[PDB]
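# Secondary and tertiary structure notes
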Amino acid sequence: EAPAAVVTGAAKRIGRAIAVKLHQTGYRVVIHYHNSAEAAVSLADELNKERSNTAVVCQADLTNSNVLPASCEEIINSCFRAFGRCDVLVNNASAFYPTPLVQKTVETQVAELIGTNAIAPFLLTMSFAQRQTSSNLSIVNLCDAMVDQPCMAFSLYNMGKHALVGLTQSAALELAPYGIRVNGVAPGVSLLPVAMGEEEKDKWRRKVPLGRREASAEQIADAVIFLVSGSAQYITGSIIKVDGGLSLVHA
Amino acid sequence: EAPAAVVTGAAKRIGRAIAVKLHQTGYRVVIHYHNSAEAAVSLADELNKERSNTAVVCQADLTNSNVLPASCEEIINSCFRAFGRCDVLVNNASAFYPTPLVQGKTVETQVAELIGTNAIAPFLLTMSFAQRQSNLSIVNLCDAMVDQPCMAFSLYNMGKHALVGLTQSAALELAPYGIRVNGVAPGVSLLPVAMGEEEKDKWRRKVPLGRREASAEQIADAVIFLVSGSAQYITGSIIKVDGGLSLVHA
Amino acid sequence: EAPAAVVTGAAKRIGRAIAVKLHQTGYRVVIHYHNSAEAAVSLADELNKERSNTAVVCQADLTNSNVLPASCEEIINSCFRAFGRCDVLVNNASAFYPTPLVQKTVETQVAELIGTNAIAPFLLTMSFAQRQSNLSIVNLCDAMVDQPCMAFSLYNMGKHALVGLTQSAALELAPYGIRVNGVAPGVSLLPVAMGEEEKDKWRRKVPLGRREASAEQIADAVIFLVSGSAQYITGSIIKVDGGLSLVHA
Amino acid sequence: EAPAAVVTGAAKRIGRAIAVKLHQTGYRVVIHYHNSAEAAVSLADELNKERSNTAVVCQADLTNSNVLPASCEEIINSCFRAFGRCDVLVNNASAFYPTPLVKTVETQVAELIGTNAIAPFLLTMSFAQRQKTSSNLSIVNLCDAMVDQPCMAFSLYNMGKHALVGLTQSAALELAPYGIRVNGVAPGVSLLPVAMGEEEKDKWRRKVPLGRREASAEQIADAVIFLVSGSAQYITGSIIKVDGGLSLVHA
Ligand SMILES: NC(=O)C1=CN([C@@H]2O[C@H](COP(=O)(O)OP(=O)(O)OC[C@H]3O[C@@H](n4cnc5c(N)ncnc54)[C@H](OP(=O)(O)O)[C@@H]3O)[C@@H](O)[C@H]2O)C=CC1
Ligand SMILES: NC(=O)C1=CN([C@@H]2O[C@H](COP(=O)(O)OP(=O)(O)OC[C@H]3O[C@@H](n4cnc5c(N)ncnc54)[C@H](OP(=O)(O)O)[C@@H]3O)[C@@H](O)[C@H]2O)C=CC1
Ligand SMILES: NC(=O)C1=CN([C@@H]2O[C@H](COP(=O)(O)OP(=O)(O)OC[C@H]3O[C@@H](n4cnc5c(N)ncnc54)[C@H](OP(=O)(O)O)[C@@H]3O)[C@@H](O)[C@H]2O)C=CC1
Ligand SMILES: NC(=O)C1=CN([C@@H]2O[C@H](COP(=O)(O)OP(=O)(O)OC[C@H]3O[C@@H](n4cnc5c(N)ncnc54)[C@H](OP(=O)(O)O)[C@@H]3O)[C@@H](O)[C@H]2O)C=CC1
Ligand SMILES: Nc1cc(N)nc(N)n1
Ligand SMILES: Nc1cc(N)nc(N)n1
Ligand SMILES: Nc1cc(N)nc(N)n1
Ligand SMILES: Nc1cc(N)nc(N)n1
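Here is what the cut-offs are and how they apply
- Residues numbered from 1 in each chain as written, not as in the entry; some residues may be left out.
- Chains lettered and ligands numbered in written order.
- Heavy atoms only, no water.
- Residues with missing side-chain atoms left out of burial classes, pairs and counts.
- Helix = DSSP H or I, 4+ residues; strand = E, 2+ residues; numbered from the N terminus.
- Rg over C-alpha atoms; globule rule 2.2 N^0.38 Å.
- Contact = heavy atoms within 4.5 Å.
- Nonpolar A, V, L, I, M, F, W, Y, C, P; charged D, E, K, R; others polar.
- Near = heavy atom within 4 Å.
- Polar contact = N/O pair within 3.5 Å; in protein donor to acceptor, adjacent residues only side chain to side chain.
- Areas by Shrake-Rupley, 256 points an atom, 1.4 Å probe, with all protein chains shown as cover.
- UniProt positions renumbered as here; feature names shortened; annotations may be inferred.
- Buried area = accessible area lost by both parts, 1.4 Å probe.
- Salt bridge = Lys/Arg side-chain N within 4 Å of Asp/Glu carboxyl O.
- Buried < 20%, exposed > 50% of the residue type's maximum accessible area, 1.4 Å probe, protein only.
- Pairing = 2+ DSSP bridges.
- Right-handed = clockwise from strand over helix to strand, strands pointing away.
- Axes fitted to C-alpha atoms, helices over the stretch in contact; angles between N-to-C directions.
- Expected span 1.5 Å × (residues − 1).
- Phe/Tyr/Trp six-rings, centres within 6.5 Å; stacked < 30°, edge-to-face > 60°.
- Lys NZ or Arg CZ within 6 Å of the ring centre and 35° of its normal.

Per the PDB record, the structure was determined using X-ray crystallography to 1.48 Å resolution.

Structure, rendered in structure tokens:
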């Protein structure tokens, strides 16, 4: 049978491009969403028109809470229910906003920023592993090429992305005996935030050495496709920067 | 007037050595503790006998919860109540235990303890310290092995990576206030009290520089340097104090 | 119409596997070699049998010396002479042996370990850029660069210098459309001279599979980085190490 | 009996400040110099006025060449002949100028890779060969906090400074059994060229989060003094950034 993948935050932007490219590669896909039901279903409709019964949607809030472990177990379960297997987990869903150190409650911001970017990937990783040859099992975490030169006033976001690097490495070591590889893709500037102004976006584009433009979502997805492929069978614990050289540029 | 410091998890082991060395350098200290009340009170008594009214204790659970922000605000308030200022914060308190990915505490309690103590509480204490504000600095106790982690310690490792992120992000953001933010990263220092001697010696034998763990004082010496005037231009730096351990391959 | 690639130290082992996989991908290839003339000519014969006029050999010593720039210029020139273009450079050739700090001359060790692993890549990069679509350079790095083998100081210095070159050249050549990336093996093909017991010792250290990477696994990462699927990637070093660099002492 | 230190490139700027602070700490010093003989002698005379017979000069070109190993052996020998011991080596001397990818290039290699990396390596060999519980032996290499966000067109300089990181780590591992520690100090923006226009200096100063100014040579020297002290006796293989946060600043 075809392998199956879960992509979190898959209704739009980078997660959608990842789901599309996995599907084009021959995967059946679980399209996870929180608020974007109409977009999730629109994508599933598009993929199922290409190949019947090869895409399902799955709703969950990935904010940390007392119920997050059960939510994460249910996302993994949805893949096994639809497809009978779950070969690939892509932890793409992410909250992103500033949290100044000097003046939503701060503890809500913790639950969102550290929940979506680190704790939910951790719980999904546990559930994915618990449910596990010619198999090619792997997890890809969407990281951030600027983790070591962070945006001003983004402490909690940066802490969450750092925690995700730690998860990538710890899980790669711990799951290697099961043949599960765990890797990351770290975009620099890709699709800019919808809310961001045009002038601010051009400011970011101009800093990129390679072509003075942001990565398309498809360019990010290309690195994910490589890491889940048979061409990456010895690669685990690696984080591939896809940033056009941005992280190499000094202040 | 003498400067004052908050040290978290200061009743025993490395946090006590830090509080003692700060005290010996001339600081007044807040000795934070969670469960180790007798040890905390014993240390404050020793320091106060050395120079009166130079040490207080402050109790707090640093597990993450909706009241953790108020707890962290209260630890910093305790320093200002006792001493009228707060010059230095050392984020030392830490939970440390395995959380295997494949199979008493629920996973959400493990998250609240391992990520709370190692990362969120340092973050909220950093916010409270900065909000209340000369040689001001914060020192975070990091881990030199963050990129070659112990098997089955994923949540602990996530929390220490988050602490690196806080160290860098806060150094950038608080530099305009003249608050420096740095880290000290031990390799093997005081082994866990529950560990048997044979298992302790396994760890000792790994260390290139002398095949022994760091003393608590050796860790404290790096903290003392980073809060001193000899580190006035240093911010966002994490000093490994690991005897070469992190350079040793498999 | 076919693009062309230079691979250094391409007669045997990982460089051979990279030359073969590039050729299978559609590249014309310059097979650089130093001493392995028979193996180099054998490979070119094999590739030319598959598609005529798609492989040549090029001999050069990559030890540092005052004529190394000319030698590196000549390797790049050989690609233009044979194929009229040079799209890809793979810096694979490398000397590897211990240089203990406490007791060939040391100056020869420096010329060989720093020359092959760092200075020749730099001069090849210069000549590649000066002579100039999907242009790219791939440097073979070492995943163990921050947990070095005991008594391999000069080797480790050369591989750290190569990381520096990868990043510096990525920045400097980005405006010309040339991407510069690295692939960092952990343990791949073990040295021919190493005993079976030591080989097994290294294999047992690797989390993912308890075995070394095949040369083909390393080549597969090189293929990705030169491909259209990596056209926004520059300055990146991909570890291909089965988790080895994550394992504590 | 007083310990002794070799400082390379000690006639001016950072190396001068290191030599002065070591002398103030109680060390006898070898002031290595290449071209600045007048300044090296002037420093030796100042230090000897403070305490007789505590400073000597040693001239050597640290460009790589057939004779560089002999030169580096001589520098260490000079400390033993003057003072009967050599406790500390500070590899401070450094060439710094652009080498665009698009003086012969082999001269540039000899100067940039020889000063910044090969001479430190040969000095390290000579230091260790001479030592083959009051003792506190250590080497401090002057590294660069911006090594992973390099200046445009400085490839050979950056390669040399990355090689020096490798030396620091490799030598820490290998010399640990002899009780020799090996560490680094990595400045960001420190003493700028006096001839550099103040407009350009200000461009660099405004980049630095902590104080919007460059480090003094004394601030760099303070980190060296810590690393060679009794307070750093478990520290080996560590590189301390002294950069005011500059390396954390994104493009
Ligand atoms: N875009 C860029 O430039 C960069 C991206 N990255 C990383 O790449 C990945 C994708 O980035 P991008 O496409 O911009 O991401 P977005 O900011 O567009 O967020 C992706 C999705 O995450 C989901 N999400 C947000 N909060 C929650 C929550 N509480 N519960 C569940 N799902 C949630 C949302 O799904 P829904 O819409 O269904 O509510 C959202 O559509 C992320 O991990 C990001 O950090 C890293 C660096 C730069
Ligand atoms: N020891 C070592 O070898 C290493 C240490 N480090 C780091 O150095 C620092 C000191 O290490 P060490 O002395 O071994 O630390 P310990 O494990 O001894 O813990 C220090 C203190 O943390 C406090 N703590 C634990 N959980 C909580 C909580 N929920 N709320 C509040 N306080 C809490 C405890 O206070 P109480 O006793 O009052 O309950 C404890 O005494 C830590 O950050 C550690 O991660 C890093 C690498 C190795
Ligand atoms: N094998 C492994 O486990 C690992 C490999 N790597 C890196 O991967 C790359 C390939 O590794 P591997 O295949 O083992 O390499 P080898 O050790 O097999 O060397 C590759 C080739 O380099 C050439 N070479 C050596 N010295 C010189 C010189 N003075 N002038 C010119 N060429 C020279 C030789 O060519 P000839 O035979 O023609 O004389 C040799 O065949 C290297 O850069 C290596 O550092 C990194 C980590 C681990
Ligand atoms: N200044 C800064 O902002 C920064 C400095 N650093 C590092 O800190 C250290 C000190 O910096 P700084 O004081 O500015 O250094 P300088 O550029 O002033 O150079 C120091 C000395 O190196 C010596 N030197 C140069 N070339 C040779 C050679 N061929 N042979 C022997 N000695 C030579 C020269 O000695 P002489 O005058 O006797 O000929 C020179 O005075 C260096 O390693 C530097 O890379 C790192 C980052 C930034
Ligand atoms: N770094 C980013 C950017 C962005 N636009 N969205 C997320 N979730 N993370
Ligand atoms: N890394 C460690 C070791 C230890 N013994 N305790 C804590 N909190 N952290
Ligand atoms: N050149 C080489 C050969 C080899 N066998 N291993 C390494 N790291 N490099
Ligand atoms: N990084 C630098 C700056 C500078 N002025 N001199 C040297 N040798 N290195």
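Our next topic: the overall build of chain C. Each helix and strand counted, chain C has 7 helices and 7 strands in total. Counting from the amino terminus, helix and strand elements in chain C follow one another as β-α-β-α-β-α-β-α-β-α-β-α-α-β. Overall size of chain C, expressed as C-alpha extent along the three principal axes, is 50 × 40 × 40 Å.

What follows concerns the overall build of chain B. When you go through chain B residue by residue, the secondary structure sums to 7 helices and 7 strands. When the helices and strands of chain B are placed in sequence order, the string is β-α-β-α-β-α-β-α-β-α-β-α-α-β. For chain B, whose C-alpha radius of gyration is 17 Å, the value lies close to the compact-globule estimate of 18 Å for 250 residues. In terms of overall dimensions, chain B has C-alpha extents of about 50 × 40 × 40 Å along its principal axes.

Bringing the interface of chain D and chain C into the picture now. On the chain C side, the residues contacting the 43 residues of chain D number 43 residues. For the side of chain D that touches chain C, the class distribution of residues is 28 nonpolar, 11 polar and 4 charged.

Let us now look at the site of ligand 7. Residue and element names in this part refer to chain C. In the vicinity of ligand 7, the residues found are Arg13, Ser94, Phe96, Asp142, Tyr155, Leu189 and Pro191. Between a nitrogen atom of ligand 7 and a side-chain N or O atom of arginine 13, the distance comes to 3.3 Å. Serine 94 places a side-chain nitrogen or oxygen 2.9 Å from a nitrogen atom of ligand 7. Its free accessible area being 260 Å², ligand 7 has 68% of it covered by the protein chains. Each residue belonging to the shell around ligand 7 can be placed in one class, and the counts come to 4 nonpolar, 1 polar and 2 charged.

Now for the UniProt feature "active site" (unreviewed entry) in chain C. All names here are of chain C. Feature annotation in UniProt places "active site" (unreviewed entry) on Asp142 and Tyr155, given in this structure's numbering. Along the chain, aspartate 142 turns up in the loop between β5 (135–140) and α5 (153–173). Beyond its immediate stretch of four places on either side in the chain, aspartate 142 contacts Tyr155, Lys159, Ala184 and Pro185. Those residues within four positions of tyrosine 155 in sequence are excluded, and the remaining contacts are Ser94, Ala95, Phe96, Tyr97, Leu113, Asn117 and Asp142. Of note is the side chain of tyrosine 155, whose polar atom sits 2.7 Å from the side chain of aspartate 142.

Here we come to the site of ligand 2. Residues and elements named next belong to chain B. In the neighbourhood of ligand 2, 27 residues make up the surrounding shell, with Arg13, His34, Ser36, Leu62 and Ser189 lying closest. The separation between an oxygen atom of ligand 2 and a polar side-chain atom of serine 36 is 2.6 Å. One of the backbone N or O atoms of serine 189 is found 2.8 Å from an oxygen atom in ligand 2. Within the complex, the protein chains bury 86% of what would otherwise be the 900 Å² of accessible surface of ligand 2. Breaking the shell around ligand 2 down by element, the ones donating at least two residues are α1 (13–24), β2 (28–33) and α5 (154–174).

Glancing now at the interface of chain C and chain B. Contacts between chain C and chain B engage 13 residues on the former and 13 residues on the latter. A per-residue breakdown of the area chain C buries against chain B is headed by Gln147, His248 and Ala249 of chain C, which together make up 55% of the total. Counting across the chain C and chain B interface gives 0 salt bridges. Applying the counting rule to chain C against chain B returns 2 residue pairs in polar contact. A class-by-class count of the residues in the side of chain C that touches chain B yields 8 nonpolar, 3 polar and 2 charged.

All names here are of chain B. Mapped onto the secondary structure, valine 139 falls in strand β5 (residues 136–141). A relative accessible area of 1% means that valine 139 is categorised as buried. As a C-alpha pair, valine 139 and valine 184 span 45 residues in sequence and 7.0 Å in three-dimensional space.

Glancing now at the pairing of strand β6 (residues 180–187) of chain D. Every regular strand shows the same layout, with side chains that alternate between the two sheet faces. Residue and element names in this part refer to chain D. With 8 of 8 residues buried, β6 is to be regarded as a mostly interior element. Side-chain alternation along β6 places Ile180, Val182, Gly184 and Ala186 on one buried face and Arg181, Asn183, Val185 and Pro187 on a second face that is also buried. Here 6 bridges tie strand β5 (residues 137–142) to β6, and the two strands are oriented parallel to one another. Along β6, the bridge assignment pairs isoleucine 139 with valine 182. A crossover connection joins β5 to the parallel β6 through helix α5 (residues 155–175); in handedness this β-α-β unit is right-handed. Inspection of the sheet shows β6 paired to strand β7 (residues 239–242) by 4 bridges, in the parallel sense. Paired with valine 185 across the bridge in β7 is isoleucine 240.

A word on the side chain of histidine 160 of chain C. Here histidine 160 of chain C shows up in helix α5. Exposure remark for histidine 160 of chain C: the relative accessible area of 5% places this residue in the buried category. Contact partners of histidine 160 of chain C, with chain neighbours within four places excluded, come to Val145 and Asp146 of chain C together with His162, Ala163, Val165, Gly166 and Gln169 of chain D.

Residues and elements named next belong to chain D. Across the sheet, which stays open at both edges, the 7 strands sit in the order β3-β2-β1-β4-β5-β6-β7 with parallel pairing between neighbours. Edge positions in the sheet fall to β3 (55–59) and β7, since each of these pairs with one other strand and no more. The sheet shows a mean angle of 20° between the axes of neighbouring strands, taken without regard to direction. Across the sheet, helix α7 (residues 217–228) lies against β4 (88–91), β5, β6 and β7, angled at about 165° from β6, the strand it touches most.

Another aspect to go through is α5 of chain C. In a regular helix each residue adds 1.5 Å, so 21 residues correspond to 30 Å; α5 of chain C covers 30 Å between its end C-alpha atoms and thus fits that length. Among the 21 residues in α5 of chain C, 21 count as buried, and that is most of the element.

Glancing now at the sheet that holds strand β2 (residues 28–33) of chain A. Strand pairs in the sheet, formed through backbone hydrogen bonds, run parallel or antiparallel to each other. Residues and elements named next belong to chain A. One open sheet accounts for 7 strands, arranged β3-β2-β1-β4-β5-β6-β7; its pairing is parallel. Sheet topology places β3 (55–59) and β7 (239–242) at the edges, where each strand pairs with a single neighbour. Direction aside, the axes of adjacent strands within the sheet are offset by 20° on average. Here strand β1 (residues 4–7) runs beside β2; their pairing, made up of 4 bridges, is parallel. Paired with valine 7 across the strands is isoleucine 31, a residue of β2. Against the sheet, helix α1 (residues 13–25) engages β1, β2, β4 (88–91) and β5 (138–142), with an angle of about 175° to β1.

Before going further, it helps to examine the UniProt feature "binding site: substrate" (unreviewed entry) in chain B. Residues and elements named next belong to chain B. Per the UniProt entry, the sites bearing "binding site: substrate" (unreviewed entry) are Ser137 in this numbering. Position of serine 137 among the secondary structure elements: in strand β5. The residues contacting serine 137, other than those within four sequence positions of it, are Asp87, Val88, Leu89, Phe129, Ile179, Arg180, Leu226 and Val227.

Turning next to the packing of aromatic side chains. The tally for this structure, following the rule as stated, stands at 14 aromatic pairs over all chains. With a centroid separation of 4.9 Å and 80° between ring planes, the pair formed by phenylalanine 96 of chain B and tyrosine 156 of chain B is classed as edge-to-face. Taken together, the ring pairs in this structure connect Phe96, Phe154 and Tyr157 of chain A into an aromatic cluster. It is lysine 207 of chain A that lies over the ring of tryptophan 204 of chain A; its NZ or CZ is 4.4 Å from the centre. Between the NZ or CZ atom of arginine 130 of chain D and the centre of the ring of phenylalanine 80 of chain D, over which it lies, the distance is 4.2 Å.

Here the idea is simple: oppositely charged side chains can pair when their charged atoms come close. All names here are of chain D. The final tally for this structure, using the stated rule, is 38 salt bridges over all chains. A salt bridge links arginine 81 to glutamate 74, with the nearest nitrogen and oxygen atoms 2.8 Å apart. On the accessibility criterion, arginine 81 (56% relative accessible area) is exposed. Residues participating in the shared-partner salt-bridge network are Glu198, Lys201, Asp202, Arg205 and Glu214.

The subject of this paragraph is the environment of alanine 111 of chain A. Residues and elements named next belong to chain A. Locating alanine 111 in the fold gives a position in helix α4 (residues 106–130). For the pair formed by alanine 111 and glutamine 132, sequence separation is 21 residues and the distance between their alpha carbons is 28 Å. Not counting chain neighbours up to four residues away, the residues in contact with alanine 111 comprise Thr63, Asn64 and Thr116.

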